[PDB]
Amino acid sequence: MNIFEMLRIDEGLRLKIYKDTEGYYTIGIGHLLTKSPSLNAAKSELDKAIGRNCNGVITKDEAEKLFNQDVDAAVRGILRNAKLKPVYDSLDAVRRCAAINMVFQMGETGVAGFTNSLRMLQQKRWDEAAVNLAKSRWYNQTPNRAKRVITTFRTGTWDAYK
């Protein structure tokens, strides 16, 4: 169990442009293409990301390559963020995966705003952090995925994914 397997479970794999839970054009293992309603705009982003004319379709190798880039970008965004880095550095490796998962789904800026949850996590008040994390649009809109991530923060185990 590692961040790649965890996010692969949470995001699935689709080789043609699809819409995420918010209605936004996406491809692969949860790679957001654009928030624009234009499918042509999404296709342009895809071609730029892959480096060829894709027609809205990629290979599994390409999906996995984008996925590695996206996971790394989430980690780098954490490490460059003055609010997120101290919390991340305080966590064990399993809980660090839960943190990356949140940043992958919502972005550095959104997670950096989870100020009270982050403090509880840094204080290792796991049950209180889990309660606080669920008081969110995130939990209400994607409750099964948020429950898995929250259980990972609460327990420091992979139990929710097993």
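The first residue of the sequence shown is number 1, and the count goes up from there.
Among other compared entries that model residues flanking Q123, every one gives it coordinates, keeping it clear of the one-third cutoff. For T109, the fraction of other compared entries lacking coordinates, among those that model flanking residues, reaches at least a third. The stretch with the higher mean CA B factor, choosing between 98-106 and 53-61, is 53-61. Across the two stretches, 64-72 and 115-123, the PDB entry reports the greater mean Cα temperature factor for 115-123.
Annotation for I29: C-alpha temperature factor in the lowest third relative to the rest of the modelled chain, per the entry. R148 sits in the lowest third of its chain by CA B factor, as recorded in the PDB entry. Sorting the modelled residues of the chain by their CA temperature factor places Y161 in the highest third. Per-chain ranking of the deposited C-alpha B factor places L39 in the highest third.
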